[PDB]
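Structure file data28.txt; described as compact mmCIF, C-alpha atoms (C1' of nucleotides).
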```
# COMPACT_ATOMS: atom_id res chain seq x y z
CA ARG A 1 167.59 112.15 11.13
CA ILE A 2 169.70 114.05 13.66
CA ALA A 3 172.46 111.43 13.44
CA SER A 4 172.39 111.77 9.63
CA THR A 5 172.45 115.59 9.78
CA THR A 6 175.32 115.85 12.26
CA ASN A 7 178.83 115.13 11.03
CA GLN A 8 179.04 111.56 9.73
CA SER A 9 182.51 111.06 11.21
CA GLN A 10 180.97 111.61 14.65
CA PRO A 11 180.38 108.25 16.37
CA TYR A 12 176.87 107.05 17.17
CA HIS A 13 175.70 106.02 20.63
CA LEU A 14 175.46 102.24 20.46
CA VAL A 15 172.75 101.35 22.98
CA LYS A 16 170.98 104.71 22.69
CA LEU A 17 170.70 104.77 18.89
CA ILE A 18 171.82 101.76 16.83
CA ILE A 19 170.42 98.90 18.93
CA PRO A 20 166.89 100.40 19.22
CA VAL A 21 167.00 101.36 15.53
CA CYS A 22 167.79 97.84 14.34
CA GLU A 23 165.32 96.54 16.93
CA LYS A 24 162.42 98.52 15.47
CA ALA A 25 163.64 97.56 11.99
CA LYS A 26 163.37 93.95 13.25
CA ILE A 27 167.02 93.46 12.24
CA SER A 28 169.85 91.94 14.25
CA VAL A 29 173.04 93.90 14.82
CA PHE A 30 174.83 91.07 13.02
CA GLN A 31 172.63 91.56 9.95
CA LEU A 32 173.07 95.34 10.06
CA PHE A 33 176.88 95.30 10.25
CA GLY A 34 177.49 92.16 8.18
CA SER A 35 175.21 92.05 5.15
CA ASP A 36 175.90 94.17 2.08
CA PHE A 37 173.64 96.98 0.90
CA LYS A 38 171.68 94.71 -1.44
CA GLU A 39 170.89 92.10 1.22
CA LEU A 40 170.15 94.75 3.84
CA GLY A 41 167.80 96.60 1.50
CA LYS A 42 166.00 93.43 0.44
CA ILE A 43 165.54 92.29 4.04
CA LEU A 44 164.30 95.73 5.10
CA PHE A 45 161.80 95.83 2.22
CA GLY A 46 160.55 92.35 3.09
CA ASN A 47 160.35 93.25 6.78
CA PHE A 48 158.17 96.29 6.09
CA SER A 49 156.44 94.61 3.12
CA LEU A 50 157.57 97.34 0.73
CA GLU A 51 157.64 96.82 -3.03
CA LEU A 52 161.05 98.42 -3.55
CA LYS A 53 164.01 96.60 -5.09
CA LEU A 54 167.54 98.00 -4.87
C1' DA B 1 198.01 102.03 55.59
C1' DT B 2 197.63 106.95 55.47
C1' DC B 3 198.17 111.83 54.07
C1' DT B 4 197.94 114.94 50.31
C1' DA B 5 197.55 116.56 45.58
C1' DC B 6 195.37 116.39 41.17
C1' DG B 7 192.86 114.87 37.09
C1' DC B 8 188.39 113.45 35.80
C1' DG B 9 183.10 112.50 35.75
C1' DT B 10 179.47 114.93 35.90
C1' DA B 11 175.82 118.23 36.01
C1' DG B 12 174.41 122.78 34.67
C1' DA B 13 174.19 126.59 31.23
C1' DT B 14 174.49 127.93 26.42
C1' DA B 15 174.89 128.53 21.43
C1' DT B 16 173.82 126.12 17.43
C1' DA B 17 171.62 123.37 13.52
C1' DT B 18 168.04 121.79 11.17
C1' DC B 19 169.58 122.03 2.41
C1' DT B 20 165.80 121.96 -1.81
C1' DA B 21 162.00 124.79 -4.42
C1' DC B 22 158.99 126.74 -7.72
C1' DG B 23 155.21 127.64 -10.85
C1' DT B 24 150.41 126.39 -8.71
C1' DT B 25 146.71 128.47 -15.29
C1' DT B 26 146.71 131.70 -18.53
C1' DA B 27 140.83 133.14 -22.08
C1' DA B 28 135.92 133.38 -23.24
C1' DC B 29 131.10 132.48 -22.02
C1' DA B 30 127.55 131.73 -16.75
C1' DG B 31 121.22 130.63 -22.00
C1' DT B 32 119.50 131.98 -26.06
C1' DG B 33 112.21 131.64 -26.92
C1' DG B 34 107.41 131.09 -25.90
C1' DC B 35 103.58 130.47 -22.41
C1' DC B 36 102.59 131.94 -16.22
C1' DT B 37 95.47 128.50 -16.96
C1' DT B 38 91.88 127.69 -19.99
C1' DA B 39 84.98 126.55 -17.78
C1' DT B 40 81.84 126.96 -13.81
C1' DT B 41 79.54 127.13 -9.61
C1' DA B 42 80.14 132.62 -5.56
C1' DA B 43 74.53 127.99 -1.39
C1' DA B 44 70.97 125.41 -1.31
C1' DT B 45 65.87 126.08 4.42
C1' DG B 46 63.60 127.06 8.37
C1' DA B 47 63.42 129.35 12.54
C1' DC B 48 64.42 136.43 14.13
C1' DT B 49 60.69 135.77 21.78
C1' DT B 50 59.60 132.03 24.63
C1' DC B 51 56.72 134.13 30.81
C1' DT B 52 55.83 137.70 34.90
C1' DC B 53 56.52 140.92 37.43
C1' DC B 54 50.71 146.87 35.83
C1' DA B 55 49.25 151.68 38.27
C1' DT B 56 45.59 153.85 40.48
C1' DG B 57 41.45 154.70 42.34
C1' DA B 58 36.79 153.09 43.83
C1' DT B 59 34.96 150.02 46.94
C1' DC B 60 34.46 146.37 50.69
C1' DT B 61 35.17 145.46 55.22
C1' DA B 62 37.01 145.05 60.07
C1' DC B 63 37.95 147.65 64.30
```

Could you write out this file's structure as structure tokens?
Amino acid sequence: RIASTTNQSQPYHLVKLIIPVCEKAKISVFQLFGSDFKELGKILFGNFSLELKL
DNA sequence: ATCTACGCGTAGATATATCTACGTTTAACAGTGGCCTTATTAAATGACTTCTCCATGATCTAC
């Protein structure tokens, strides 16, 4: 939330923020930076067993 | 390799930034009826101290 409230052009701390975030999301860094928004959303919804569909 | 200067990493101190949100029921009522025990009985039996312990003087009798 802080990273999304601060200026978006500001870089994010890799090991401090992104790697733990994708870790808790059960998502590889490759999947996060490579897949499009549709695939990422579908995989996130399946990972947390949500019923959403983007 | 060594002396000297300087730019940087870093730790400490400090000001800042954090979007929704609002409106959160207005109305009218908060039982109207009637009763609030009718009968009957208000004990029937028998017992209501049980006992001593008397006071005083005439008389008998022993020393």

*Mind giving me the straight-line distance from CA of residue 24 in chain A to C1' of residue 17 in chain B in Å, one decimal?*
26.6 Å

Proximity check chain B to chain A, 12 Å, nearest pairs one decimal Å, all atoms listed in the file, as a Markdown table:
```
| residue | atom | partner | partner_atom | distance |
| --- | --- | --- | --- | --- |
| B:16 | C1' | A:6 | CA | 11.6 |
| B:17 | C1' | A:6 | CA | 8.5 |
| B:18 | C1' | A:5 | CA | 7.7 |
| B:19 | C1' | A:5 | CA | 10.2 |
```

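In this model, the gap between CA of residue 9 in chain A and CA of residue 48 in chain A comes to 28.9 Å.
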
Give me the box for range 32-41 of chain A as JSON, namely the centre and edge lengths in Å to one decimal of a box along x, y and z that holds every listed atom plus 6 Å on each side.
```
{"center_x": 172.6, "center_y": 94.5, "center_z": 4.4, "size_x": 21.7, "size_y": 16.9, "size_z": 23.7}
```

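One distance worth recording is that between CA of residue 40 in chain A and CA of residue 4 in chain A, which is 18.1 Å.
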
*Hey, what's within 10 Å of residue 18 in chain A if we count only C-alpha atoms (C1' of nucleotides) and toss same-chain stuff fewer than 5 positions away? As a PyMOL selection string, please?*
chain A and resi 12-13+23+29+32

If we count all atoms listed in the file, what is near residue 53 in chain A at a cut-off of 12 Å, once residues fewer than 3 positions away on the same chain are taken out, given as a PDB file with C-alpha atoms, keeping the file's coordinate frame?
```pdb
ATOM      1  CA  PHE A  37     173.640  96.980   0.900  1.00  0.00           C
ATOM      2  CA  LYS A  38     171.680  94.710  -1.440  1.00  0.00           C
ATOM      3  CA  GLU A  39     170.890  92.100   1.220  1.00  0.00           C
ATOM      4  CA  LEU A  40     170.150  94.750   3.840  1.00  0.00           C
ATOM      5  CA  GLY A  41     167.800  96.600   1.500  1.00  0.00           C
ATOM      6  CA  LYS A  42     166.000  93.430   0.440  1.00  0.00           C
ATOM      7  CA  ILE A  43     165.540  92.290   4.040  1.00  0.00           C
ATOM      8  CA  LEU A  44     164.300  95.730   5.100  1.00  0.00           C
ATOM      9  CA  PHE A  45     161.800  95.830   2.220  1.00  0.00           C
ATOM     10  CA  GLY A  46     160.550  92.350   3.090  1.00  0.00           C
ATOM     11  CA  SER A  49     156.440  94.610   3.120  1.00  0.00           C
ATOM     12  CA  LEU A  50     157.570  97.340   0.730  1.00  0.00           C
TER      13      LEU A  50
END
```

Taking only C-alpha atoms, show range 20-44 of chain A of the given structure as a JSON list (two decimals), in the first residue's frame.
```json
[["chain", "number", "residue", "atom", "x", "y", "z"],
["A", 20, "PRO", "CA", 8.61, -11.38, -0.55],
["A", 21, "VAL", "CA", 5.42, -10.10, -2.19],
["A", 22, "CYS", "CA", 5.52, -12.62, -5.04],
["A", 23, "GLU", "CA", 6.63, -15.24, -2.51],
["A", 24, "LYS", "CA", 3.51, -14.79, -0.37],
["A", 25, "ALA", "CA", 1.46, -14.64, -3.57],
["A", 26, "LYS", "CA", 3.06, -18.03, -4.38],
["A", 27, "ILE", "CA", 4.23, -16.55, -7.69],
["A", 28, "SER", "CA", 7.67, -16.69, -9.26],
["A", 29, "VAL", "CA", 9.44, -13.49, -10.25],
["A", 30, "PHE", "CA", 9.43, -14.86, -13.81],
["A", 31, "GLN", "CA", 5.64, -15.18, -13.73],
["A", 32, "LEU", "CA", 5.23, -11.71, -12.22],
["A", 33, "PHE", "CA", 7.39, -9.89, -14.78],
["A", 34, "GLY", "CA", 6.60, -12.07, -17.80],
["A", 35, "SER", "CA", 2.92, -12.96, -17.92],
["A", 36, "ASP", "CA", 0.33, -10.45, -19.10],
["A", 37, "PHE", "CA", -2.38, -9.01, -16.87],
["A", 38, "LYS", "CA", -4.92, -11.68, -17.85],
["A", 39, "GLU", "CA", -2.62, -14.61, -17.05],
["A", 40, "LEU", "CA", -1.34, -12.97, -13.86],
["A", 41, "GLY", "CA", -4.87, -12.27, -12.65],
["A", 42, "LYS", "CA", -6.09, -15.77, -13.46],
["A", 43, "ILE", "CA", -3.12, -17.39, -11.70],
["A", 44, "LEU", "CA", -3.56, -15.13, -8.65]]
```
